[PDB]
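**Q** Sending over start_33.csv (CSV, C-alpha atoms and all ligand atoms).
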chain,number,residue,atom,x,y,z
A,1,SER,CA,19.6,3.6,2.6
A,2,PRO,CA,17.1,0.6,2.5
A,3,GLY,CA,14.8,2.6,4.8
A,4,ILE,CA,15.0,5.9,3.0
A,5,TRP,CA,11.9,7.4,1.3
A,6,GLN,CA,11.2,10.7,-0.4
A,7,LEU,CA,7.8,12.5,-0.6
A,8,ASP,CA,6.8,14.2,-3.8
A,9,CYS,CA,3.6,16.1,-4.6
A,10,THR,CA,2.4,16.8,-8.2
A,11,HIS,CA,-0.8,18.1,-9.7
A,12,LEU,CA,-3.2,16.9,-12.4
A,13,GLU,CA,-6.8,17.7,-13.2
A,14,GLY,CA,-7.1,20.2,-10.4
A,15,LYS,CA,-6.2,17.4,-7.9
A,16,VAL,CA,-3.0,16.5,-6.0
A,17,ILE,CA,-1.0,13.3,-6.5
A,18,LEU,CA,1.0,12.5,-3.4
A,19,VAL,CA,3.9,10.1,-4.1
A,20,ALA,CA,6.4,8.3,-1.8
A,21,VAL,CA,9.6,7.1,-3.6
A,22,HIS,CA,11.9,4.5,-2.2
A,23,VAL,CA,15.2,6.3,-3.1
A,24,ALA,CA,17.5,3.2,-3.6
A,25,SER,CA,15.0,1.3,-5.9
A,26,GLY,CA,12.7,3.9,-7.5
A,27,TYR,CA,9.7,2.0,-6.3
A,28,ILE,CA,6.6,4.2,-5.6
A,29,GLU,CA,3.3,4.4,-3.7
A,30,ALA,CA,0.9,7.2,-4.6
A,31,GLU,CA,-2.6,8.5,-3.8
A,32,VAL,CA,-4.9,11.2,-5.2
A,33,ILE,CA,-6.1,13.8,-2.6
A,34,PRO,CA,-8.1,17.0,-3.1
A,35,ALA,CA,-5.3,19.1,-1.7
A,36,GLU,CA,-2.1,18.5,0.2
A,37,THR,CA,-2.7,19.0,3.9
A,38,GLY,CA,-0.7,17.8,7.0
A,39,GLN,CA,-3.6,15.6,7.8
A,40,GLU,CA,-3.6,13.8,4.4
A,41,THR,CA,0.2,13.7,4.4
A,42,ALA,CA,0.2,12.2,7.9
A,43,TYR,CA,-2.3,9.5,6.9
A,44,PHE,CA,-0.4,8.6,3.8
A,45,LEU,CA,2.9,8.1,5.8
A,46,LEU,CA,1.0,6.0,8.4
A,47,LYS,CA,-0.1,3.7,5.5
A,48,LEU,CA,3.3,3.6,3.9
A,49,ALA,CA,5.1,2.7,7.1
A,50,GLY,CA,2.7,-0.1,7.9
A,51,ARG,CA,3.5,-1.7,4.5
A,52,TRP,CA,7.3,-1.1,4.2
A,53,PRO,CA,10.1,-0.6,6.8
A,54,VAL,CA,10.2,3.2,6.5
A,55,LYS,CA,13.2,4.5,8.6
A,56,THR,CA,13.5,8.0,7.1
A,57,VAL,CA,11.2,10.3,5.1
A,58,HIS,CA,12.5,13.3,3.3
A,59,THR,CA,9.5,15.6,3.3
A,60,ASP,CA,8.4,17.2,0.0
A,61,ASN,CA,8.2,20.8,1.3
A,62,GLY,CA,8.5,23.0,4.4
A,63,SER,CA,4.8,22.9,5.3
A,64,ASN,CA,4.9,19.1,5.7
A,65,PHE,CA,8.2,19.3,7.5
A,66,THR,CA,6.7,21.9,9.9
A,67,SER,CA,3.2,20.2,10.3
A,68,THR,CA,2.6,19.0,13.8
A,69,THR,CA,0.2,16.3,12.4
A,70,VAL,CA,3.0,15.0,10.1
A,71,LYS,CA,5.5,15.1,13.0
A,72,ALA,CA,3.0,13.1,15.1
A,73,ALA,CA,2.5,10.5,12.4
A,74,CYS,CA,6.3,10.1,12.0
A,75,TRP,CA,6.5,9.8,15.8
A,76,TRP,CA,3.7,7.2,15.8
A,77,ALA,CA,5.2,5.1,13.0
A,78,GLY,CA,8.8,5.4,14.2
A,79,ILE,CA,9.9,7.4,11.2
A,80,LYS,CA,12.7,10.0,11.2
A,81,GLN,CA,11.2,13.1,9.6
A,82,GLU,CA,13.8,15.0,7.6
A,83,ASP,CA,13.9,18.0,5.2
A,84,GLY,CA,14.0,17.4,1.4
A,85,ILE,CA,16.9,19.8,0.6
A,86,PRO,CA,18.6,18.5,-2.6
A,87,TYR,CA,22.2,18.7,-1.2
A,88,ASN,CA,22.6,16.4,-4.2
A,89,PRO,CA,21.3,18.4,-7.1
A,90,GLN,CA,20.7,15.2,-9.1
A,91,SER,CA,17.7,14.7,-6.7
A,92,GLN,CA,15.6,17.5,-8.2
A,93,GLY,CA,16.1,16.1,-11.7
A,94,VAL,CA,15.2,12.5,-10.7
A,95,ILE,CA,12.0,13.6,-9.0
A,96,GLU,CA,11.0,16.0,-11.9
A,97,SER,CA,11.7,13.2,-14.4
A,98,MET,CA,9.6,10.8,-12.3
A,99,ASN,CA,6.7,13.2,-12.3
A,100,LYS,CA,6.9,13.6,-16.1
A,101,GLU,CA,7.0,9.8,-16.5
A,102,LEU,CA,4.0,9.3,-14.2
A,103,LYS,CA,2.0,11.9,-15.9
A,104,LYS,CA,2.9,10.3,-19.3
A,105,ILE,CA,1.6,6.9,-18.0
A,106,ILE,CA,-1.5,8.4,-16.6
A,107,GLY,CA,-2.2,9.9,-20.1
A,108,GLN,CA,-1.7,6.5,-21.6
A,109,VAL,CA,-4.3,4.9,-19.3
A,110,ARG,CA,-6.6,7.9,-18.7
A,111,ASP,CA,-9.4,6.6,-20.9
A,112,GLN,CA,-9.4,3.2,-19.1
A,113,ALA,CA,-11.1,4.7,-16.0
A,114,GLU,CA,-13.5,7.4,-15.1
A,115,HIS,CA,-11.7,8.5,-11.9
A,116,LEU,CA,-8.2,10.0,-11.7
A,117,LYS,CA,-7.4,7.8,-8.6
A,118,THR,CA,-7.8,4.7,-10.8
A,119,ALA,CA,-5.5,6.0,-13.5
A,120,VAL,CA,-3.0,6.9,-10.8
A,121,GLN,CA,-3.0,3.3,-9.4
A,122,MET,CA,-2.6,1.9,-12.9
A,123,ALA,CA,0.4,4.3,-13.3
A,124,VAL,CA,1.8,3.0,-10.0
A,125,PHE,CA,1.4,-0.6,-11.2
A,126,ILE,CA,3.1,0.1,-14.6
A,127,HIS,CA,5.9,2.1,-13.0
A,128,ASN,CA,6.7,-0.5,-10.4
A,129,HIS,CA,6.6,-3.4,-12.9
A,130,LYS,CA,8.6,-1.8,-15.7
A,131,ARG,CA,11.9,-3.6,-16.4
A,132,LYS,CA,14.9,-1.3,-16.9
A,133,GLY,CA,16.9,-6.3,-16.2
A,134,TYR,CA,14.9,-5.8,-13.0
A,135,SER,CA,11.8,-3.8,-12.0
A,136,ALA,CA,11.6,-1.3,-9.2
A,137,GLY,CA,9.4,-3.8,-7.3
A,138,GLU,CA,12.1,-6.4,-7.6
A,139,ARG,CA,14.8,-4.0,-6.5
A,140,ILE,CA,13.0,-2.8,-3.4
A,141,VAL,CA,12.4,-6.4,-2.2
A,142,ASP,CA,16.0,-7.4,-2.9
A,143,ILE,CA,17.4,-4.3,-1.2
A,144,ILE,CA,15.3,-4.9,1.9
A,145,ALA,CA,15.8,-8.7,2.1
A,146,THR,CA,19.6,-8.2,1.8
A,147,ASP,CA,19.3,-5.7,4.7
A,148,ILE,CA,17.4,-8.2,6.8
A,149,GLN,CA,20.1,-10.8,6.0
B,1,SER,CA,3.0,-19.6,-3.0
B,2,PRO,CA,5.0,-16.3,-3.0
B,3,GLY,CA,2.3,-14.7,-5.2
B,4,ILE,CA,-0.8,-16.0,-3.3
B,5,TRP,CA,-3.1,-13.7,-1.5
B,6,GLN,CA,-6.5,-14.1,0.3
B,7,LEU,CA,-9.2,-11.5,0.6
B,8,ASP,CA,-11.1,-11.1,3.9
B,9,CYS,CA,-13.9,-8.8,4.8
B,10,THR,CA,-14.8,-8.0,8.4
B,11,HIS,CA,-17.1,-5.4,10.1
B,12,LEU,CA,-16.7,-2.8,12.8
B,13,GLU,CA,-18.6,0.4,13.7
B,14,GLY,CA,-21.1,-0.1,10.9
B,15,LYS,CA,-18.3,-0.1,8.4
B,16,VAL,CA,-16.4,-2.7,6.4
B,17,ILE,CA,-12.7,-3.5,6.7
B,18,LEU,CA,-11.4,-5.1,3.6
B,19,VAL,CA,-8.2,-7.1,4.2
B,20,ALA,CA,-5.7,-8.9,1.8
B,21,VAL,CA,-3.5,-11.5,3.5
B,22,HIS,CA,-0.3,-12.8,2.0
B,23,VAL,CA,-0.9,-16.5,2.8
B,24,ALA,CA,2.7,-17.6,3.2
B,25,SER,CA,3.8,-14.8,5.5
B,26,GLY,CA,0.6,-13.5,7.2
B,27,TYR,CA,1.4,-9.9,6.0
B,28,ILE,CA,-1.7,-7.8,5.4
B,29,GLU,CA,-3.0,-4.7,3.7
B,30,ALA,CA,-6.4,-3.3,4.7
B,31,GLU,CA,-8.8,-0.4,4.0
B,32,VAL,CA,-12.0,0.9,5.5
B,33,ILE,CA,-15.0,1.2,3.0
B,34,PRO,CA,-18.7,2.0,3.7
B,35,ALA,CA,-19.8,-1.2,2.1
B,36,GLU,CA,-18.2,-4.1,0.2
B,37,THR,CA,-19.0,-3.6,-3.5
B,38,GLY,CA,-17.3,-5.1,-6.6
B,39,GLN,CA,-16.1,-1.5,-7.4
B,40,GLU,CA,-14.4,-1.1,-4.0
B,41,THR,CA,-13.0,-4.6,-4.1
B,42,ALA,CA,-11.6,-4.1,-7.7
B,43,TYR,CA,-9.9,-0.8,-6.7
B,44,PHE,CA,-8.4,-2.4,-3.6
B,45,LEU,CA,-6.9,-5.3,-5.7
B,46,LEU,CA,-5.6,-2.7,-8.3
B,47,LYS,CA,-3.7,-1.0,-5.4
B,48,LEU,CA,-2.4,-4.2,-3.9
B,49,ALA,CA,-1.1,-5.6,-7.2
B,50,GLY,CA,0.8,-2.3,-8.0
B,51,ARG,CA,2.6,-2.7,-4.7
B,52,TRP,CA,3.3,-6.5,-4.4
B,53,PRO,CA,3.6,-9.3,-7.1
B,54,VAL,CA,0.1,-10.6,-6.8
B,55,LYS,CA,-0.2,-13.8,-8.9
B,56,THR,CA,-3.4,-15.3,-7.4
B,57,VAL,CA,-6.2,-13.9,-5.2
B,58,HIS,CA,-8.6,-16.2,-3.4
B,59,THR,CA,-11.7,-14.0,-3.3
B,60,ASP,CA,-13.5,-13.6,0.1
B,61,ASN,CA,-17.0,-14.5,-1.2
B,62,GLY,CA,-19.1,-15.5,-4.2
B,63,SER,CA,-20.2,-12.0,-5.0
B,64,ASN,CA,-16.6,-10.8,-5.4
B,65,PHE,CA,-15.8,-14.0,-7.4
B,66,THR,CA,-18.8,-13.3,-9.7
B,67,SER,CA,-18.3,-9.5,-10.0
B,68,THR,CA,-17.5,-8.4,-13.6
B,69,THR,CA,-15.7,-5.4,-12.1
B,70,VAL,CA,-13.5,-7.5,-9.9
B,71,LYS,CA,-12.8,-9.9,-12.8
B,72,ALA,CA,-11.8,-6.8,-15.0
B,73,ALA,CA,-9.5,-5.5,-12.3
B,74,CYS,CA,-7.9,-9.0,-12.0
B,75,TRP,CA,-7.5,-9.0,-15.8
B,76,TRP,CA,-6.0,-5.5,-15.8
B,77,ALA,CA,-3.5,-6.3,-13.0
B,78,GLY,CA,-2.6,-9.8,-14.3
B,79,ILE,CA,-4.1,-11.6,-11.3
B,80,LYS,CA,-5.5,-15.1,-11.4
B,81,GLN,CA,-8.9,-14.7,-9.7
B,82,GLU,CA,-9.9,-17.8,-7.7
B,83,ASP,CA,-12.6,-18.9,-5.2
B,84,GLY,CA,-12.0,-18.9,-1.5
B,85,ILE,CA,-13.1,-22.4,-0.7
B,86,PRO,CA,-11.3,-23.7,2.4
B,87,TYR,CA,-10.4,-27.2,1.0
B,88,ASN,CA,-8.0,-26.9,3.9
B,89,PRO,CA,-10.2,-26.5,6.9
B,90,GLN,CA,-7.3,-24.7,8.7
B,91,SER,CA,-7.9,-21.6,6.4
B,92,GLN,CA,-11.2,-20.5,8.0
B,93,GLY,CA,-9.7,-20.7,11.5
B,94,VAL,CA,-6.6,-18.7,10.5
B,95,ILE,CA,-8.8,-15.9,9.0
B,96,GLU,CA,-11.2,-16.0,12.0
B,97,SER,CA,-8.3,-15.6,14.4
B,98,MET,CA,-6.8,-12.9,12.2
B,99,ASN,CA,-10.0,-10.9,12.3
B,100,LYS,CA,-10.1,-11.3,16.1
B,101,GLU,CA,-6.5,-10.2,16.4
B,102,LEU,CA,-7.1,-7.2,14.2
B,103,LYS,CA,-10.2,-6.1,16.1
B,104,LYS,CA,-8.2,-6.5,19.4
B,105,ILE,CA,-5.5,-4.2,18.0
B,106,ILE,CA,-8.0,-1.7,16.8
B,107,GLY,CA,-9.6,-1.6,20.3
B,108,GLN,CA,-6.1,-1.0,21.8
B,109,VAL,CA,-5.5,2.1,19.5
B,110,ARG,CA,-9.1,3.3,19.1
B,111,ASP,CA,-8.7,6.4,21.3
B,112,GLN,CA,-5.6,7.5,19.4
B,113,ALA,CA,-7.7,8.6,16.4
B,114,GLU,CA,-11.1,10.1,15.6
B,115,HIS,CA,-11.5,8.0,12.4
B,116,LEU,CA,-11.8,4.2,12.1
B,117,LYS,CA,-9.6,4.2,9.0
B,118,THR,CA,-6.7,5.7,11.1
B,119,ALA,CA,-7.1,3.0,13.8
B,120,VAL,CA,-7.2,0.3,11.0
B,121,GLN,CA,-3.9,1.6,9.5
B,122,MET,CA,-2.4,1.6,13.0
B,123,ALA,CA,-3.5,-2.0,13.3
B,124,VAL,CA,-2.0,-2.9,10.0
B,125,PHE,CA,1.3,-1.4,11.1
B,126,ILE,CA,1.3,-3.2,14.5
B,127,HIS,CA,0.3,-6.6,12.9
B,128,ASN,CA,3.0,-6.4,10.2
B,129,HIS,CA,5.7,-5.4,12.6
B,130,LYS,CA,4.9,-7.9,15.4
B,131,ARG,CA,7.7,-10.4,16.0
B,132,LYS,CA,6.4,-14.0,16.3
B,133,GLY,CA,11.6,-14.2,15.7
B,134,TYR,CA,10.7,-12.5,12.5
B,135,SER,CA,7.7,-10.2,11.6
B,136,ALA,CA,5.2,-10.8,8.8
B,137,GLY,CA,6.8,-7.8,7.0
B,138,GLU,CA,10.2,-9.5,7.2
B,139,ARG,CA,8.7,-12.8,6.1
B,140,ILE,CA,7.0,-11.5,3.0
B,141,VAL,CA,10.2,-9.7,1.7
B,142,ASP,CA,12.3,-12.8,2.3
B,143,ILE,CA,9.8,-15.1,0.6
B,144,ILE,CA,9.5,-12.8,-2.5
B,145,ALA,CA,13.3,-12.1,-2.7
B,146,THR,CA,14.1,-15.8,-2.5
B,147,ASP,CA,11.6,-16.3,-5.4
B,148,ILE,CA,13.2,-13.5,-7.5
B,149,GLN,CA,16.7,-15.1,-7.0
C,201,LIG,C1,-9.9,-1.3,-10.9
C,201,LIG,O1,-10.9,-2.1,-11.5
C,201,LIG,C2,-10.9,-1.8,-12.9
C,201,LIG,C3,-12.0,-2.4,-13.5
C,201,LIG,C4,-12.1,-2.2,-14.9
C,201,LIG,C5,-11.2,-1.5,-15.6
C,201,LIG,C6,-11.3,-1.3,-17.1
C,201,LIG,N1,-11.9,0.0,-17.3
C,201,LIG,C7,-13.3,0.2,-17.4
C,201,LIG,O2,-14.1,-0.8,-17.3
C,201,LIG,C8,-13.7,1.6,-17.5
C,201,LIG,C9,-13.2,2.4,-18.4
C,201,LIG,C10,-13.5,3.7,-18.6
C,201,LIG,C11,-14.5,4.2,-17.7
C,201,LIG,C12,-15.1,3.4,-16.7
C,201,LIG,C13,-14.7,2.1,-16.6
C,201,LIG,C14,-15.3,1.3,-15.5
C,201,LIG,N2,-14.9,1.6,-14.2
C,201,LIG,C15,-13.5,1.2,-13.8
C,201,LIG,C16,-13.3,1.5,-12.3
C,201,LIG,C17,-13.3,0.4,-11.5
C,201,LIG,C18,-13.2,0.5,-10.1
C,201,LIG,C19,-13.0,1.7,-9.6
C,201,LIG,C20,-13.0,2.8,-10.4
C,201,LIG,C21,-13.1,2.8,-11.8
C,201,LIG,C22,-13.1,4.0,-12.6
C,201,LIG,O3,-13.8,4.0,-13.7
C,201,LIG,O4,-12.4,5.0,-12.2
C,201,LIG,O5,-12.8,4.0,-9.6
C,201,LIG,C23,-12.5,3.4,-8.3
C,201,LIG,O6,-12.9,2.0,-8.3
C,201,LIG,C24,-10.1,-1.0,-14.9
C,201,LIG,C25,-9.9,-1.1,-13.6
C,202,LIG,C1,-1.7,9.5,11.0
C,202,LIG,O1,-1.3,10.7,11.7
C,202,LIG,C2,-1.5,10.6,13.1
C,202,LIG,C3,-1.3,11.8,13.8
C,202,LIG,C4,-1.5,11.9,15.2
C,202,LIG,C5,-1.8,10.7,15.8
C,202,LIG,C6,-2.1,10.8,17.3
C,202,LIG,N1,-3.5,11.0,17.6
C,202,LIG,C7,-4.1,12.2,17.7
C,202,LIG,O2,-3.5,13.3,17.7
C,202,LIG,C8,-5.5,12.2,17.9
C,202,LIG,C9,-6.1,11.4,18.8
C,202,LIG,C10,-7.5,11.3,19.0
C,202,LIG,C11,-8.3,12.0,18.2
C,202,LIG,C12,-7.8,12.8,17.2
C,202,LIG,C13,-6.4,12.9,17.0
C,202,LIG,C14,-5.9,13.7,15.9
C,202,LIG,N2,-6.1,13.2,14.6
C,202,LIG,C15,-5.2,12.0,14.2
C,202,LIG,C16,-5.4,11.8,12.7
C,202,LIG,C17,-4.4,12.2,11.9
C,202,LIG,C18,-4.5,12.1,10.5
C,202,LIG,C19,-5.6,11.5,10.0
C,202,LIG,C20,-6.7,11.1,10.8
C,202,LIG,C21,-6.6,11.2,12.2
C,202,LIG,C22,-7.7,10.8,13.0
C,202,LIG,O3,-8.0,11.4,14.1
C,202,LIG,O4,-8.4,9.8,12.6
C,202,LIG,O5,-7.7,10.6,10.1
C,202,LIG,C23,-7.1,10.6,8.7
C,202,LIG,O6,-5.9,11.3,8.7
C,202,LIG,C24,-2.0,9.5,15.2
C,202,LIG,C25,-1.8,9.5,13.8
Take the structure in the file and write it out as structure tokens.
Ligand SMILES: COc1ccc(CNC(=O)c2ccccc2C[NH2+]Cc2ccc3c(c2C(=O)O)OCO3)cc1
Ligand SMILES: COc1ccc(CNC(=O)c2ccccc2C[NH2+]Cc2ccc3c(c2C(=O)O)OCO3)cc1
**A**
Amino acid sequence: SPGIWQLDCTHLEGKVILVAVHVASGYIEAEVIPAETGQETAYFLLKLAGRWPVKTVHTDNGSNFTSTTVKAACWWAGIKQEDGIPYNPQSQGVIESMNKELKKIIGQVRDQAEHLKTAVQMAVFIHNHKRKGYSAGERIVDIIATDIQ
Amino acid sequence: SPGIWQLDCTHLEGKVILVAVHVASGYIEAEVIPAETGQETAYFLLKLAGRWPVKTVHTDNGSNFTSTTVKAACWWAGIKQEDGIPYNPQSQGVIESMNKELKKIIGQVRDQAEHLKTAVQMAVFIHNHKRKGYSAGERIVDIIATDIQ
């Protein structure tokens, strides 16, 4: 479970916010793209896996699961590409709640930047730093370090 | 030391590669931009600090140190903005060698992608995963986890 991530795609302002969630910690990375394509998804995963030890990615939909470009990125970066079937129904709810939380934070910061991408990065920062007492950023580091040791 | 990062700007193919190095571990993040501007530098730091606990950034040059936009990003993200003066002469050499290493890796992957940004992200991946035996990615997580505990 330390290497397991979940992709998630949500929409705002006629743009697409692509999110990767570290399942065990709730830590996220995100980017704004014009539309979700295999190319954009592939590039995003390449970035993610250069930054964290990404063992498994549960793709967000069937198009990204199918995409040869996404498969090729997963091959390049040594990621096991998996489906995103919520065999645990709690998964849908957690992701939906996360999207609602992120959009709420974006709303709270929206007037602090012209561009949506800026507001999204502010939202990533707030989400990852929020104490719930550890933060998601603390949990991911602890989980991974424990795994290394 | 767990929170100290160094910015570094290098050039390839008429483009700019902006790098942040975690000093204690050698772990890096990087992006390709058309030109180094305070706006691009500010956005890069906002991204970095949402992902890792960035306490201090040694800026790469005086323009980024002076930049009101960079100062504002550092304010937003709770980062201490500092100069990049190599009071330790070993600093320059480490960065120089890092730039040379990165450009070597980019050359080794260059035909595996059309776009430079892709090759740069491949180089980030290879750099961070390289065992020197622990990798830079392992070292940063251990350093930060130790600090949290
Ligand atoms: C990350 O650095 C920051 C610097 C300053 C602030 C405080 N907020 C303002 O000063 C502000 C507020 C509203 C509109 C425009 C602005 C000025 N522009 C901020 C900005 C900077 C870099 C970028 C951007 C934007 C953007 O407006 O989207 O887009 C990609 O790179 C936040 C973040
Ligand atoms: C990250 O996913 C990967 C998928 C596949 C491969 C293996 N290499 C090739 O198939 C290849 C080789 C040479 C030229 C063009 C290509 C095909 N395009 C690769 C590509 C994908 C996503 C992107 C890109 C690019 C790019 O070419 O720069 O730019 C931003 O998003 C590597 C990484």
**Q** Check every residue of chain A for an atom within 8 Å of chain B, counting all atoms listed in the file, and provide those that qualify as a PDB file with C-alpha atoms, keeping the file's coordinate frame.
**A**
ATOM      1  CA  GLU A  29       3.300   4.400  -3.700  1.00  0.00           C
ATOM      2  CA  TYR A  43      -2.300   9.500   6.900  1.00  0.00           C
ATOM      3  CA  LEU A  46       1.000   6.000   8.400  1.00  0.00           C
ATOM      4  CA  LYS A  47      -0.100   3.700   5.500  1.00  0.00           C
ATOM      5  CA  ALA A  49       5.100   2.700   7.100  1.00  0.00           C
ATOM      6  CA  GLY A  50       2.700  -0.100   7.900  1.00  0.00           C
ATOM      7  CA  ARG A  51       3.500  -1.700   4.500  1.00  0.00           C
ATOM      8  CA  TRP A  52       7.300  -1.100   4.200  1.00  0.00           C
ATOM      9  CA  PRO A  53      10.100  -0.600   6.800  1.00  0.00           C
ATOM     10  CA  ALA A  77       5.200   5.100  13.000  1.00  0.00           C
ATOM     11  CA  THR A 118      -7.800   4.700 -10.800  1.00  0.00           C
ATOM     12  CA  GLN A 121      -3.000   3.300  -9.400  1.00  0.00           C
ATOM     13  CA  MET A 122      -2.600   1.900 -12.900  1.00  0.00           C
ATOM     14  CA  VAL A 124       1.800   3.000 -10.000  1.00  0.00           C
ATOM     15  CA  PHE A 125       1.400  -0.600 -11.200  1.00  0.00           C
ATOM     16  CA  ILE A 126       3.100   0.100 -14.600  1.00  0.00           C
ATOM     17  CA  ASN A 128       6.700  -0.500 -10.400  1.00  0.00           C
ATOM     18  CA  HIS A 129       6.600  -3.400 -12.900  1.00  0.00           C
ATOM     19  CA  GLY A 137       9.400  -3.800  -7.300  1.00  0.00           C
ATOM     20  CA  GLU A 138      12.100  -6.400  -7.600  1.00  0.00           C
ATOM     21  CA  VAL A 141      12.400  -6.400  -2.200  1.00  0.00           C
ATOM     22  CA  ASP A 142      16.000  -7.400  -2.900  1.00  0.00           C
ATOM     23  CA  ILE A 144      15.300  -4.900   1.900  1.00  0.00           C
ATOM     24  CA  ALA A 145      15.800  -8.700   2.100  1.00  0.00           C
ATOM     25  CA  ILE A 148      17.400  -8.200   6.800  1.00  0.00           C
TER      26      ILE A 148
END
**Q** Give as a PyMOL selection string each residue that has an atom at most 10 Å from (1.0, -17.8, 6.9) in the file, counting all atoms listed in the file.
**A** chain B and resi 21-27+91+94+136+139-140
**Q** With only C-alpha atoms counted, which protein, DNA or RNA residues have an atom no more than 9 Å from (-18.2, -5.8, -5.3) in the file frame? Please answer as number ranges by chain.
**A** B: 35-42, 63-70
**Q** Rounded to one decimal place, report the CA of residue 115 in chain B-atom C18 of ligand LIG 202 (chain C) distance in Å.
**A**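 Interatomic distance, CA of residue 115 in chain B to atom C18 of ligand LIG 202 (chain C): 8.3 Å.
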**Q** Find the residue from B:45, B:119, B:4, B:17 that sits nearest to residue 73 in chain B; use all atoms listed in the file when measuring.
**A** B:45
**Q** Report the distance between CA of residue 116 in chain A and atom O6 of ligand LIG 201 (chain C) in Å, rounded to one decimal place.
**A**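 Between CA of residue 116 in chain A and atom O6 of ligand LIG 201 (chain C) the gap is 9.9 Å.
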**Q** Please identify all polymer residues within 12 Å of residue 100 in chain A, counting only C-alpha atoms, omitting same-chain residues fewer than 5 positions from it, and present them as a PyMOL selection string.
**A** chain A and resi 10-12+93-95+105-107+123+127
**Q** Rounded to one decimal place, report the atom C9 of ligand LIG 201 (chain C)-CA of residue 111 in chain A distance in Å.
**A** 6.2 Å
**Q** Let me make sure I understand: among A:8, A:2, A:61, A:113, which one has the smallest atom-to-atom distance to residue 97 in chain A if we use all atoms listed in the file?
**A**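 The shortest atom-to-atom distance to residue 97 in chain A comes from A:8.
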**Q** Given all atoms listed in the file as the basis, pick out the residue of B:9, B:33, B:109, B:57 nearest to ligand LIG 202 (chain C).
**A**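 Nearest to ligand LIG 202 (chain C): B:109.
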**Q** Using only C-alpha atoms and all ligand atoms, which residue out of B:72, B:13, B:3, B:55 lies closest to ligand LIG 201 (chain C)?
**A**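 Among the listed residues, the smallest separation from ligand LIG 201 (chain C) belongs to B:72.
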